[PDB]
Amino acid sequence: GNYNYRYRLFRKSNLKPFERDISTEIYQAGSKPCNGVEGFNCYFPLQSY
Amino acid sequence: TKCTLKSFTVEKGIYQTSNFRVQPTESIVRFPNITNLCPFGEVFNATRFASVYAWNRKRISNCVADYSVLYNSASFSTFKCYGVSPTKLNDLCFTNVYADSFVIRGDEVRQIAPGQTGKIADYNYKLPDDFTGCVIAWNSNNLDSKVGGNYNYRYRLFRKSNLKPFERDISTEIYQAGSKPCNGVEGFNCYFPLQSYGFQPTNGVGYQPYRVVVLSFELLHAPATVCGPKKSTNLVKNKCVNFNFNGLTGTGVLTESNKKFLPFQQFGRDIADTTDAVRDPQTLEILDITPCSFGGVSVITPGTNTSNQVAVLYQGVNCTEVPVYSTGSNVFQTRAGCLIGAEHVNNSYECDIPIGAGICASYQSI
Amino acid sequence: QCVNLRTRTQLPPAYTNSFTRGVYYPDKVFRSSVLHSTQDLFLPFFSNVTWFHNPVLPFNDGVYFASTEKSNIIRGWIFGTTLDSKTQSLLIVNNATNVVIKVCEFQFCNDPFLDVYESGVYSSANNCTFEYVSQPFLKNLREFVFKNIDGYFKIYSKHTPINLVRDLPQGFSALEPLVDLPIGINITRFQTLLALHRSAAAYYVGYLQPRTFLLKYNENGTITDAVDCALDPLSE
Ligand SMILES: *[C@@H]1O[C@H](CO)[C@@H](O[C@@H]2O[C@H](CO)[C@@H](O)[C@H](O)[C@H]2NC(C)=O)[C@H](O)[C@H]1NC(C)=O
Ligand SMILES: *[C@@H]1O[C@H](CO)[C@@H](O[C@@H]2O[C@H](CO)[C@@H](O)[C@H](O)[C@H]2NC(C)=O)[C@H](O)[C@H]1NC(C)=O
Ligand SMILES: *[C@@H]1O[C@H](CO)[C@@H](O[C@@H]2O[C@H](CO)[C@@H](O)[C@H](O)[C@H]2NC(C)=O)[C@H](O)[C@H]1NC(C)=O
Ligand SMILES: *[C@@H]1O[C@H](CO)[C@@H](O[C@@H]2O[C@H](CO)[C@@H](O)[C@H](O)[C@H]2NC(C)=O)[C@H](O)[C@H]1NC(C)=O
Ligand SMILES: *[C@@H]1O[C@H](CO)[C@@H](O[C@@H]2O[C@H](CO)[C@@H](O)[C@H](O)[C@H]2NC(C)=O)[C@H](O)[C@H]1NC(C)=O
Ligand SMILES: *[C@@H]1O[C@H](CO)[C@@H](O[C@@H]2O[C@H](CO)[C@@H](O)[C@H](O)[C@H]2NC(C)=O)[C@H](O)[C@H]1NC(C)=O
Ligand SMILES: *[C@@H]1O[C@H](CO)[C@@H](O)[C@H](O)[C@H]1NC(C)=O
Ligand SMILES: *[C@@H]1O[C@H](CO)[C@@H](O)[C@H](O)[C@H]1NC(C)=O
Ligand SMILES: *[C@@H]1O[C@H](CO)[C@@H](O)[C@H](O)[C@H]1NC(C)=O
Ligand SMILES: *[C@@H]1O[C@H](CO)[C@@H](O)[C@H](O)[C@H]1NC(C)=O
């Protein structure tokens with residue numbers, strides 16, 4: 001199994017053409033502020049293949 | 001003027017350069033008071049759930065459903081939405097909802113998913129691989145589990161075939177494992193397909209009871225009736241804003257009106273199909289819509305060869321909302337609009353540069 | 001609990017003139033002192049309306065129903081295609097206090113009637129989908145228009161005090177919208193419901209057709225006159 005390839009899964013908004021995003025910050029899916037703490041309604045935006 | 005005329009010299013006269021309009025300030029939305037909520041409380045807060053092989057089925061239609069409180073509440077151990085993201089349920093909606101509720105073990109939580117196999121997934125409840133909806137699961141050890149054993153709940157383990165998607169089998173017939181016939185009496189090759197859950201308060205995590213409810217949303221060609229509330233806000237007056245009154249969108253300034261809408265109309269139009277009055281769905285009062293002001297602008301100049309100072313005329317615009325030429329010089333309000341950069345005199349001469357309504361200007365200043 | 005009666009309900013199927021009745025508001029838009037032309041389903045002017053003095057009648061596109069009712073003998077209506085459990089059936093009843101609308105696969109008897117001493121004209125009621133309860137609908141001319149377009153069931157109603165003896169009066173009165181149903185059923189036939197004591201009812205039925213009309217709106221937004229654009233050259 002190859003897992004060197006990862007893709008984004010969550011974003012605040014869409015992407016303008018020919019842009020690049022490499023930042024890896026926790027995603028505040030719910031109303032609860034994650035404040036950099038992983039948990040409920042907080043998920044890693046990068047998913048492997 | 002030079003740019004529009006595309007020249008570096010301008011002769012004496014009046015020229016039309018551009019337009020002018022009042023921009024909207026903010027937005028407002030109006031919608032009815034919102035009522036007839038879907039009864040999720042009687043489902044999730046039900047005192048007693050049914051067994052997994054006899055899962056309770058409930059039909060939901062013709063109500064407003066708020067999934068925001070369900071998503072925000074952390075009391076649910078497992079919250080798995082497959083068809084769509086939970087945040088988008090409040091926006092679009094389907095024609096009906098089906099809720100299937102039961103109680104299972106804590107380890108069998110992942111069996112209730114598309115493309116899953118197991119005793120529950122093949123003998124009690126089955127989900128199609130194309131199923132759309134959500135699944136909610138939460139521990140109920142303090143309630144469902146009994147110190148003497150919650151033997152009431154049963155699970156099916158034995159059947160020749162599997163269970164179809166959204167298919168329930170509750171047959172209590174003695175399963176015949178072998179080819180030896182049985183006269184309703186369990187023997188070597190005959191057994192009861194149903195066995196009892198053995199929940200206790202001290203059994204360990206994984207064996208504790210878990211209440212599980214799956215929600216499936218269906219979109220038959222009948223009109224949709226169940227989805228989230230429509231947000232609203234207050235309303236303002238005497239200011240050009242844009243509005244979304246009950247699905248009717250448009251810009252303008254809203255004032256009070258004295259028209260008498262007959263008790264079942266919603267909005268009124270006069271002629272050429274242009275809306276003039278609306279009724280807000282909450283206060284139930286008749287308002288009036290007026291397009292906020294606009295018009296063309298013009299410049300009066302005596303010629304570049306003579307001087308370099310000009311005057312500006314706004315056509316058909318009241319001298320109340322003009323806005324560097326906001327104050328400038330003395331402002332004159334005339335039947336043709338408003339004029340800035342020239343002085344009004346009490347004399348009367350011949351007409352040099354026509355302006356309108358019997359008045360015109362000339363260079364002396366202007 | 002439903003049994004076929006002995007005597008036949010052979011009502012004389014007479015014909016009479018519609019005159020200028022059967023006009024309803026086509027939308028919910030307020031207009032003041034204006035002439036507006038619209039194309040929709042209407043009852044043609046001076047048409048031939050059927051008079052019954054309880055058969056299954058076709059529904060077609062829409063139905064105009066009228067009754068010079070006395071002491072509230074008519075009670076409700078039944079709508080469907082096969083009129084059994086094989087297809088969804090609509091039922092409307094106006095009892096003493098409320099009106100009840102149900103959408104279920106009933107099993108109606110061969111001669112439904114409400115009976116007196118609530119609903120017992122059906123042997124069974126299964127797979128119910130839609131329910132609704134509201135205020136009562138009802139010398140007393142009751143006019144109703146029933147339409148079914150793209151899964152929407154529209155009911156328009158009007159009540160009038162009359163003093164004429166026998167037939168429909170010569171006059172104009174628009175029908176205001178009453179009720180909307182967001183349910184999809186391909187209704188093709190219907191039936192009338194009577195509550196006759198266990199021991200002489202007249203109404204009028206007409207059909208709608210697509211055509212163009214011209215309507216006049218007065219200052220207060222009420223329809224006071226109309227013209228049929230396909231009756232005679234002067235109207236055109
Ligand atoms: C089941 O009942 C509980 C208890 O009444 C509900 O939890 C309450 O929810 C309201 C609305 O969010 C809160 O204001 C209360 O503080 C909650 N009480 C407790 C003790 O948590 C719960 O919402 C009900 N479930 C459903 C589906 O209606
Ligand atoms: C929608 O809800 C609002 C708020 O509950 C209702 O406004 C109330 O109307 C009554 C009747 O005049 C007043 O006594 C209250 O003071 C009003 N409350 C507020 C907050 O304004 C309104 O009547 C409702 N409208 C409909 C059609 O249901
Ligand atoms: C420009 O707007 C002002 C503000 O409304 C107008 O002043 C109004 O004039 C009418 C007619 O005399 C009065 O009845 C109002 O009381 C005035 N309003 C105010 C706030 O003073 C003015 O007339 C408008 N300009 C023109 C040319 O009509
Ligand atoms: C007329 O119809 C109404 C509507 O069904 C009846 O009122 C209901 O009666 C049932 C009978 O058990 C009650 O369960 C409901 O709670 C009642 N609802 C309401 C809104 O009242 C009424 O009883 C009927 N009257 C007669 C004389 O048959
Ligand atoms: C009993 O009710 C169910 C559910 O209301 C009906 O199931 C529908 O069956 C049709 C037939 O293809 C499907 O297209 C629908 O999606 C089903 N669900 C609905 C309408 O919600 C069932 O047909 C009803 N039984 C009878 C005899 O009409
Ligand atoms: C249309 O509306 C006007 C205004 O409400 C009605 O005029 C009133 O008529 C009543 C008669 O019942 C008089 O008592 C009032 O004095 C009238 N007021 C005014 C301001 O005219 C009118 O009757 C309504 N109908 C028609 C056909 O015009
Ligand atoms: C226009 O310009 C010429 C030369 O630039 C000058 O002689 C003439 O007087 C000017 N005309 C005016 C100022 O009206
Ligand atoms: C002269 O014009 C001003 C306004 O520019 C006015 O107030 C004044 O009354 C006028 N005087 C006469 C004598 O007309
Ligand atoms: C209405 O139908 C009856 C039944 O045939 C007929 O006698 C009568 O002339 C018709 N009226 C018309 C066509 O105006
Ligand atoms: C009614 O029947 C027609 C013809 O069989 C069909 O086209 C239509 O979809 C049906 N409408 C329903 C079942 O609501």
# chains A, B, ... in the order shown; residues from 1 in each chain; ligands from 1
call {"tool": "select_by_dssp", "arguments": {"residues": "range 54-292 of chain B", "states": "alpha helix (DSSP H)", "output": "PyMOL selection string"}}
result
chain B and resi 68-72+119-123
call {"tool": "write_last_selection", "arguments": {"atoms": "C-alpha atoms", "output": "tab-separated table (two decimals), in the first residue's frame"}}
result
chain	number	residue	atom	x	y	z
B	68	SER	CA	-28.44	22.04	13.87
B	69	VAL	CA	-29.32	21.01	17.42
B	70	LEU	CA	-28.71	17.35	16.55
B	71	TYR	CA	-25.27	18.09	15.09
B	72	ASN	CA	-24.21	20.49	17.85
B	119	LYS	CA	-24.71	-11.09	11.77
B	120	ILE	CA	-26.65	-7.83	12.05
B	121	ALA	CA	-25.89	-6.77	8.47
B	122	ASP	CA	-27.15	-10.10	7.08
B	123	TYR	CA	-29.85	-11.24	9.55
call {"tool": "residues_around", "arguments": {"residues": "range 283-300 of chain B", "least_positions_apart": "4", "cutoff": "9 Å", "atoms": "only C-alpha atoms", "output": "JSON list (two decimals) with C-alpha atoms, in the first residue's frame"}}
result
[["chain", "number", "residue", "atom", "x", "y", "z"],
["B", 1, "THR", "CA", -15.32, 65.13, -20.64],
["B", 12, "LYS", "CA", -18.30, 75.51, -25.33],
["B", 13, "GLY", "CA", -21.43, 73.55, -24.51],
["B", 14, "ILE", "CA", -23.00, 70.86, -22.35],
["B", 15, "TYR", "CA", -21.96, 67.21, -22.63],
["B", 16, "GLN", "CA", -23.24, 63.95, -21.14],
["B", 17, "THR", "CA", -20.43, 61.95, -19.52],
["B", 18, "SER", "CA", -21.71, 59.11, -17.33],
["B", 19, "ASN", "CA", -24.54, 57.94, -15.06],
["B", 20, "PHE", "CA", -25.23, 58.02, -11.33],
["B", 21, "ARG", "CA", -27.16, 55.72, -9.01],
["B", 22, "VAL", "CA", -27.62, 55.12, -5.29],
["B", 23, "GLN", "CA", -26.02, 51.94, -3.99],
["B", 24, "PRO", "CA", -27.94, 49.69, -1.58],
["B", 239, "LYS", "CA", -33.37, 53.48, 2.75],
["B", 240, "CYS", "CA", -32.57, 51.89, -0.62],
["B", 241, "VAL", "CA", -31.83, 48.25, 0.25],
["B", 251, "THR", "CA", -33.98, 46.35, -4.66],
["B", 252, "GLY", "CA", -35.55, 49.63, -3.65],
["B", 253, "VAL", "CA", -36.73, 51.75, -0.74],
["B", 254, "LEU", "CA", -39.60, 50.49, 1.42],
["B", 255, "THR", "CA", -42.23, 52.83, 2.86],
["B", 256, "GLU", "CA", -45.64, 52.59, 4.49],
["B", 257, "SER", "CA", -48.65, 52.24, 2.19],
["B", 258, "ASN", "CA", -52.40, 52.70, 2.54],
["B", 259, "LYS", "CA", -53.50, 50.11, -0.02],
["B", 260, "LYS", "CA", -56.06, 47.55, 1.15],
["B", 261, "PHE", "CA", -54.92, 44.08, 0.12],
["B", 266, "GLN", "CA", -49.44, 38.49, -1.10],
["B", 267, "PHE", "CA", -48.00, 41.14, -3.43],
["B", 275, "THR", "CA", -44.32, 44.95, -8.28],
["B", 276, "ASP", "CA", -45.41, 47.90, -6.14],
["B", 277, "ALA", "CA", -46.59, 46.50, -2.79],
["B", 278, "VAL", "CA", -45.74, 43.49, -0.64],
["B", 279, "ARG", "CA", -47.01, 41.94, 2.59],
["B", 310, "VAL", "CA", -17.02, 73.81, -15.34],
["B", 311, "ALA", "CA", -20.40, 73.14, -13.75],
["B", 312, "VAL", "CA", -22.09, 69.80, -13.07],
["B", 313, "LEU", "CA", -25.79, 69.01, -13.48],
["B", 314, "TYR", "CA", -27.53, 65.90, -12.15],
["B", 315, "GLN", "CA", -30.70, 65.23, -14.15],
["B", 316, "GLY", "CA", -33.94, 64.43, -12.35],
["B", 317, "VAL", "CA", -32.25, 63.99, -8.96],
["B", 318, "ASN", "CA", -33.43, 65.81, -5.85],
["B", 321, "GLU", "CA", -28.38, 62.87, -2.08],
["B", 353, "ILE", "CA", -25.98, 76.97, -23.12],
["B", 355, "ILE", "CA", -30.20, 73.68, -19.49],
["B", 361, "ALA", "CA", -26.24, 79.24, -17.95],
["B", 362, "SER", "CA", -23.39, 81.30, -19.38]]
call {"tool": "interface_residues", "arguments": {"of": "chain C", "to": "chain B", "cutoff": "10 Å", "atoms": "only C-alpha atoms", "output": "ChimeraX atom specification"}}
result
/C:27-36,129-130,150-152,176-178,182-185,219-222
call {"tool": "closest_residue", "arguments": {"among": "A:42, A:29, A:36, A:47", "to": "chain B", "atoms": "only C-alpha atoms"}}
result
A:29
call {"tool": "atom_distance", "arguments": {"atom1": "CA of residue 109 in chain C", "atom2": "CA of residue 123 in chain C"}}
result
7.1 Å
call {"tool": "closest_residue", "arguments": {"among": "C:42, C:49, C:6, C:83", "to": "ligand 9", "atoms": "only C-alpha atoms and all ligand atoms"}}
result
C:49
call {"tool": "interface_residues", "arguments": {"of": "chain A", "to": "chain B", "cutoff": "9 Å", "atoms": "only C-alpha atoms", "output": "list in words"}}
result
residues 29, 30, 31, 32 and 40 of chain A
call {"tool": "atom_distance", "arguments": {"atom1": "atom 21 (O, counted along the ligand's line) of ligand 1", "atom2": "CA of residue 45 in chain B"}}
result
11.1 Å
